[PDB]
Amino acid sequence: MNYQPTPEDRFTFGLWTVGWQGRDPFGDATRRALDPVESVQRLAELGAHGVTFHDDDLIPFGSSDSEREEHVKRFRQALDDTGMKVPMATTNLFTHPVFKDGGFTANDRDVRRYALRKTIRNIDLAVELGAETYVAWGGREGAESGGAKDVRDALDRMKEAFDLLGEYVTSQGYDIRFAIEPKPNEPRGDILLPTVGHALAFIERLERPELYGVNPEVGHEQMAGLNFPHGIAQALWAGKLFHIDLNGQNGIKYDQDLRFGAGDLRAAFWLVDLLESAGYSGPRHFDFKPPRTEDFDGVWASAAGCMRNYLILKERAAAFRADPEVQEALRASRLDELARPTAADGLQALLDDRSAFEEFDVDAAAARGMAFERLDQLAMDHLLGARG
């Protein structure tokens, strides 16, 4: 009763995840930097399908064109050697001091034009390496004080930057879509588009909305105390779950990026249940940081536990939905009735229906129990493997 990942499970990892050296706001690095080639080989041995990158994880900031080509060649050799793919890439618009007030929404116009040129150069690289999704996390777009950022003008600037990127990709004929990753705060006091709902709403004002979706991350929505599986259900309902970032978080505090399955384990169960029952077919990407207490052995153990925990939860949620006694409890709780139209008969028929109002017996309907606690204990027994 083992749970071994293969490339067919579509597990992916950022270079910056196993590569995090452990520098935190209060402490120096505890690990040496990893060569991207080494992380590719190590992850392929553990059963991953592919890796993702920011521009600056792969090519050191400020590299000449000659060093650039060399970093890319070595990387491409390691992907050829291992069969690893690169399904997603993104841009670092947060580390360099120039980005201290943002990239696409910095108050200085010159910085905003630089942020767009740095982005477009990386879209060409991403296409060259086969990525299908290009993520944008605007971690420096926001403010610590109320007068520093007029948010209407900042959303104008954010729409303008995403529209120009959509013009670029369509003009080049690339097959690449964008995914915005929300985060509510950190490193800015408040970050713009702080949740999946704010990012979905913003996309509907872009010139070509069909090019853009969301890349929600488990820990980010939980930094606002929100239910992550409910936000993913809304992104699926809108047709905008382009990619997802999996990790764990213990409640409302700094962004911990623990391995997937740590943090809120029942939310991890209900998230896997939803991804597998809606048939999400994108990458299962981990954006996590092995804690700085760990050496290299602890890094690969942490990355392997990400994939393990996903496959254990997958088996438990599939056993839950397959159990006849659960199917009976779902009917007892009227989940089948939730899926039927309230008024397929139409408005006039509803208005004329005396059984919907004038003769509706509210006390009898109120007295019906929902039987949700028995259903939730079945879900608990299935998660813990304690079926009796």
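From 1 onward, residues are counted along the sequence shown.
Relative to one another, 223 to 231 and 81 to 89 have unequal mean CA B-factors, and 81 to 89 is the one with the higher figure. As recorded in the PDB entry, 279 to 287 is the stretch of 301 to 309 and 279 to 287 with the greater mean C-alpha temperature factor.
Based on the entry's C-alpha B-factors, the most elevated value among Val72, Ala161, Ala317, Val214 belongs to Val72.
Set against one another, the Cα B-factors of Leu338, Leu330, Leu347, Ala44 in the record reach their highest point at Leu347. For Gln249, the recorded CA B-factor ranks within the lowest third of the chain. Only modelled residues enter the ranking. Annotation for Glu167: C-alpha temperature factor in the highest third relative to the rest of the modelled chain, per the entry. Among the modelled residues of the chain, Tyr174 sits in the highest third by CA temperature factor in this PDB entry.
Among all modelled residues in its chain, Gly130 ranks in the highest third by Cα B-factor.
Annotation for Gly50: C-alpha temperature factor in the lowest third relative to the rest of the modelled chain, per the entry.
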